[PDB]
Amino acid sequence: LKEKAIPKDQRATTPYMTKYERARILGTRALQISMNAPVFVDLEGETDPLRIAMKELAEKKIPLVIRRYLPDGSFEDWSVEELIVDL
Amino acid sequence: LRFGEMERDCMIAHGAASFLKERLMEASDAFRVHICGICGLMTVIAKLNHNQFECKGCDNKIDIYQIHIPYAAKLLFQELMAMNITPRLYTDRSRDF
Amino acid sequence: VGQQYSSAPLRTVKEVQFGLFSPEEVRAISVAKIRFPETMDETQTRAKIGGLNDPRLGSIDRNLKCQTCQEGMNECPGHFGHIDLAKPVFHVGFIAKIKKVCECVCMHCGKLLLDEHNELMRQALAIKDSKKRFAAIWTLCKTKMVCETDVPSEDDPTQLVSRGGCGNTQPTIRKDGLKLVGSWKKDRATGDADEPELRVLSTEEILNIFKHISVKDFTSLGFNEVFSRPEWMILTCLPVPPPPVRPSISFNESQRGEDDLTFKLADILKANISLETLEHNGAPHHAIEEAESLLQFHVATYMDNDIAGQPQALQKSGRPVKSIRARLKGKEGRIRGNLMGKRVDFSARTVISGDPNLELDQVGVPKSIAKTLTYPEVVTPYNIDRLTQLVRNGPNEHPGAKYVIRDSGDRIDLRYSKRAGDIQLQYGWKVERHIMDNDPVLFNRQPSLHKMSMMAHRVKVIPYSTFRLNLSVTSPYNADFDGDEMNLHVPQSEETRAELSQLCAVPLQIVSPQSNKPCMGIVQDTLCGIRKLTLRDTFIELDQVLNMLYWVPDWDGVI
Amino acid sequence: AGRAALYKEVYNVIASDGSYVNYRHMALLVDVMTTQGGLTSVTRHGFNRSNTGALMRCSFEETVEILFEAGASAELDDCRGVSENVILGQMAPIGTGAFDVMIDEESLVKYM
Amino acid sequence: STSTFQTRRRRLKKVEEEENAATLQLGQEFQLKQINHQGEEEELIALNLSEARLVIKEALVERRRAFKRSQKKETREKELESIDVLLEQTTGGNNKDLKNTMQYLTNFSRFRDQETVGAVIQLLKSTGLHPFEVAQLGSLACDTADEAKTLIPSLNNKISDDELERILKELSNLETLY
Amino acid sequence: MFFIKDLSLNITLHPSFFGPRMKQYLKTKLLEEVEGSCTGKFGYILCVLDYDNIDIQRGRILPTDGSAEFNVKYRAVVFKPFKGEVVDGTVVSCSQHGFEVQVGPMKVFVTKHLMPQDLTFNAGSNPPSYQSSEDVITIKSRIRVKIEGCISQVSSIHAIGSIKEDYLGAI
Amino acid sequence: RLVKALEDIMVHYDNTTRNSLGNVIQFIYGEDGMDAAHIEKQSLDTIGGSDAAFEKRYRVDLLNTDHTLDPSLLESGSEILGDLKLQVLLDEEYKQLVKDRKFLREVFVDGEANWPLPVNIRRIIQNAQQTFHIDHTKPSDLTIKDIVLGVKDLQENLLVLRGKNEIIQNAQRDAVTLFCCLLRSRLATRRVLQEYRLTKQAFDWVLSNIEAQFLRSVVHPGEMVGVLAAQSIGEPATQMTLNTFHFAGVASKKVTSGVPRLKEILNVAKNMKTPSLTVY
DNA sequence: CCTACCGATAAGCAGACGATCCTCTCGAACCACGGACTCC
DNA sequence: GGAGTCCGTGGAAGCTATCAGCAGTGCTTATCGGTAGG
RNA sequence: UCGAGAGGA
Ligand SMILES: [Mg+2]
Ligand SMILES: [Mg+2]
Ligand SMILES: [Zn+2]
Ligand SMILES: [Zn+2]
Ligand SMILES: [Zn+2]
């Protein structure tokens, strides 16, 4: 009730990025680049925003934080840099 | 083309919650309506120029919330309203669970 | 969006509370009076009377009006009115819910038959459920048909102490169509010798008992203090749906073509207006009930015409009327037909064909289909030169655009437009552009039985009107090319496109999690020829071996 | 033991024609029917009469019958389901919709 | 639309509550004991025209310091002209209401120097009265105990007639010059 | 009369403004709408307090669009009046009906009947006046008014005040 | 009916198979918590075979002239002989292998060794011999301590559920069990050298390649699981030829099978059809 | 050894549900009173 | 100087001639042997 | 548009 929120310490979630998180982080970032959002990584002549959203994940210059909700309501804010990309 | 139950069930299976939501709103119904936050009903008289948003039965022009929902849902809640059923669309969480 | 900006906030509907309409709130919510049952002409002149249709609600013939708010056909969502029912009437859906409450809570006082003092009543009320607690309360109060005053003898030593009010005998209730009657016993060597007494239980009597039911008798029977008060199961004031719910349609110019519910609501007004004058003028006692049971029937068949085992209600010509219940009933009826599944835009369908030279994930979209379907691309520095060249090619030279959206909501149909040849194209503008190659799109084969059948397909725009596909991808869909047709859905966002390319891809769905084995393989000529080739018997000479190696797209260049 | 027998009979029908469907799928629906107290019918009255919010259940056969009981008992649909978000036209908490994403100023300045 | 701070719950329609009067029956939003953005249950923050005048002056003096940091990479009538200049730099001409309030707040301020306002708040926010009553005492000039009890009718029983006169005599000595 | 309220505001931000100079831009959009506004729930919003250290938290990047919905937690000064509250302001408007008093950003009107019976209007005087003996209400004349009633009206609160009582009148 | 009953069901962020309402169906999806695509039918060599060949192929004995490892396999084959402290670990290794055989026989009573499990170790060992070109003539770089402990340290790195308490720690050990049984079966100290011929360089890569494949094999929270199951069971029913017949030559005559039997299983359903019980 | 009561198993009898998507074409609605206007 | 066919306006039909369910046991209501306490 | 009928993988 009083904000719940599990801190950045003591977290029971997978340190790896879930395929749904990857697709949401890419889909939204590609949408934002398409909506003229400023690009953080050095562009290599990329005409497609998903080609960029994918390249932004390589250097990890995405400033997004994932609120992963548990079944009891409580959530863990995982920064895209913390989440490892094995998949 | 029809994006029925068979079509929806596959997009659920995949996990693509936005593509299914896109086919179910942007590519189909999609309607913006004003609802009274005090009650949860569509009783708001939305004037988008004079700004007299007043809900007849509540007096409020402040606790009113516009919402993007399918035109079929709007119609369904109005059909339920015609049979004395009140589906109070509540934007505020009150049980946590 | 429903077109136009609003100065009100937009928020996710986190929960939905269900209840009943209070006839007190309907009379305050209402915008219309509905005196005239007529649905057309000012007063037999032109454009709908202030009785039924647009008195102070939903607009009609190209007019904005809508009770001074205007907005227009596509924006005005219609406004609910109110109909004052001459005599209160039951709701078809809550027929046994009223009946069982009558059988549980005793009449003559408005109090429960049983109380906390009974041991089984404590065993029944112990669950804080809703319907499962009421399930035992219905069977418990069903019998012991009589109210009480003094009962405790084995909890208090011997003498009995007061708890309830007037101990009148509760009658037995059953069904005789829309009405329910009670059977009082008595007959102990006095009146009616041995046969019981029967009384007609009218809505006005039932409602007064339901009005005298306590707030703690609601919680005990599964009802709410402000949402589902049992008094609202009987209708005193009826909410009238607006034109978007029951439209006029407009048959040419000087004709009606009204909705089924408009004629059905007029029939309720016709039944109510007779009661309106019969109650006011000389009352013939057993002649008002002969019309009150018809108003009860009209208000009932307007909600349910399916309905009970005995009545029907037909609209002459001989066919029946379409009730609200039948309107939102399952299988292609509001819920399944319009909410749980619906017809969509940006969708194609043609006779499918196989192709040895198509890529596994690829799809052969006909040249016309790509020209008929459009993706909305936002004007960024990465395209512009590309978008301006598409715009210039227009709606007929394949890589073109149909509409261009300005900074504000203004579509520029290039097919028409005086400025189609010009157009500067500013940043942030949208370009509804013809489908291009390697565009992630949804390819679907009905019935969509498993995770597959709906996959992402690399687009290759090809001549000949046919939906071409790879041969090895014939297995996830299960279809062959004996005249089969297939669906398609071009995604309109950069996010839903990535939700396809990085989730529903044909190679991404190569292995079935159903059986843990793959769900695509080498079949037909590709498999029949592989057996004939992979042998010690057959060898390939220099002339054919060089073409064999050249056909491989990822060939190292080393013989 | 009832669910272990239930699975034995559910598996044997798939085993009768075409091998096979992975344990996880049948052990799931078997566990669905038995993690109720006892047995659950997969019909209009078995699984459909459940602890769920009215809008998820109204989509399966008992539609107007359930919509009336929703109002009559003052039920509150939690709006935590696959079906109730489909009706509401909102991104349901399914796969991609089962987590929210925000932007961070601490990170936004950091990258420039 | 804002509609925040003290919210929940709206259990269908509601009766309104009560009229907003000077019987300390303040708004349904302005409770004696309210909440904070940090979380704590902080007492209602009500200020008099002298206290509130030096709070907007504080918020706008510290606004220009921050607004121009990002740009890198006393006396009665002089107070009127210096505030008029400050309002044009920190805020655009469009804000008509703030300019009308600041001209009023300075022309009717009982205490102009921050030194005196500290002792005024220590004299009033101590007595044991509602912060709105304090916000009206330091704002409105009163010589008689019966004058302060009639203009601020929330007192009467709340405070002694003799002890209130001791406070009123202290404010005439704490009073500033214009 | 003046209150310090620690209230918040929900703002939706376009994806193109996701650049290092965003924190300052969101802070501006807040005082662009809030500072100068007049709510019924909170009264006249006068000044957003402490531009430094403003709690913004995080902006939920929305479902099908890339916009971030930020909730800006702030603290500001509010001018909320009440039906009974006594105030002293400047007389601005004056005519046969009565006079308007500018108490801060709010104008309070006093009718000829709401003011004393032993006063009366003087038409033959420029600017318009209200005489009695040596007490005259003109273009300036600071007065003390008791707010008898309050008017919500648009984003501009008004009042229907009285000056006919003991310890009231002109100041 | 299947898809409607299993709509709400999905894997959660705490490895639990719950739904919309929030009730627990399974505490770990399909009891192991592995994404059904990342699995192959692997054979458990500890369950299969006679007790003599199991003692022959796995038992390591440094305190014997014929039951020891030849120094052509291990670099330090002669200085490891007769070691009491190193045979303590080779007793510990074979004592966990003797437990695997008796525990596996309790689970798979029918005998069947070929079971669908993640991480194809069968191919990882095949790939090490090609990626490192290891020869059979020359001995390995590793020793007994490098194998027996590295195999044990790998079991700690095979996480499924993230936990710190008595329940989740035991839920983790219960989640692996069958897989780490295959791991002890495949990475036994004798087998590593007797059949594979593995060097310390290639073995340390094999231990990391097993955990990398295993951590990839964990279910994705958001996988619609119930929806997927409902489709995966409703799909073969569409192509289910044969109704009430089969077997040939067991129990001559009818026995309801296929779609008619399936209706009974879903309806539940106190009707005879074929109620033939079995007595032993 | 009876009767105030309490659970046992039959004889009636009651209401909403059954592949997904797709495409094409045919023919609508009639007995009596009260009295309106245009059209012949 | 009276008709011609017109179409709004009211109009529910009536006495026939014959009926658990692709499932199964659906749920509510009458008859009925026996317990043991006064 | 409604209702009935017809046809297809
Ligand atoms: Mg086929
Ligand atoms: Mg619920
Ligand atoms: Zn309202
Ligand atoms: Zn409208
Ligand atoms: Zn009674």
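Since chain C takes its numbers from Swiss-Prot, the residues it shows come out as 2-560.
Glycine too: its Cβ is placed from the backbone N, Cα and C atoms.
Of the given residue ranges C:180-197, C:306-323, Swiss-Prot assigns the label region 'Rudder loop' to C:306-323. In this structure, the binding-site residues that sit close to ligand 5, with a C-beta under 6 angstroms from any of its atoms, are C:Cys148, C:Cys167, chosen from C:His80, C:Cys148, C:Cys167. Listed as Cβ neighbours of the region 'Rudder loop' (C:306-323) (distance under 8 Å, sequence separation of 6 or more from its ends, same chain) are residues 93, 96, 176, 178-179, 261-262, 264-265, 298.
For ligand 2, there are no nearby binding-site residues; that is, of C:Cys67, C:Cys77, C:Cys107, C:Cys148, C:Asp483, C:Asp485, none has a C-beta under 6 Å from one of its atoms. Residues 40-41, 49, 54, 61-62 of the same chain lie 6+ residues outside the region 'Lid loop' (C:248-260) yet bring a C-beta within less than 8 angstroms of a C-beta in it.
Taking the C-alpha positions, the distance from C:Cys67 (Zn(2+) 1 binding site) to C:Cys110 (Zn(2+) 2 binding site) comes to 47 Å. C:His80 (Zn(2+) 1 binding site) sits 47 Å from C:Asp485 (Mg(2+) 1 binding site), taking the CA atoms of both as reference points. The Cβ of C:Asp485 (Mg(2+) 1 binding site) has 16 neighbouring Cβ atoms from other residues within 10 Å, across all protein chains displayed. Ligand 4 lies under 6 Å from the Cβ of none of the binding-site residues C:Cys110, C:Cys167, C:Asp485.
In this structure, the C-alpha atom of C:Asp485 (Mg(2+) 1 binding site) lies 43 angstrom from that of C:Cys77 (Zn(2+) 1 binding site). Proximity to chain B (CB-CB distance below 8 Å) holds for C:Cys70, C:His80 among the binding-site residues C:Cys67, C:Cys70, C:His80, C:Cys167, C:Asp483. Cβ contacts within 10 Å of C:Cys167 (Zn(2+) 2 binding site), excluding its own Cβ and spanning all protein chains shown: 12. In three-state terms derived from DSSP, C:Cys77 (Zn(2+) 1 binding site) belongs to neither a helical nor a strand segment and is classed as coil.
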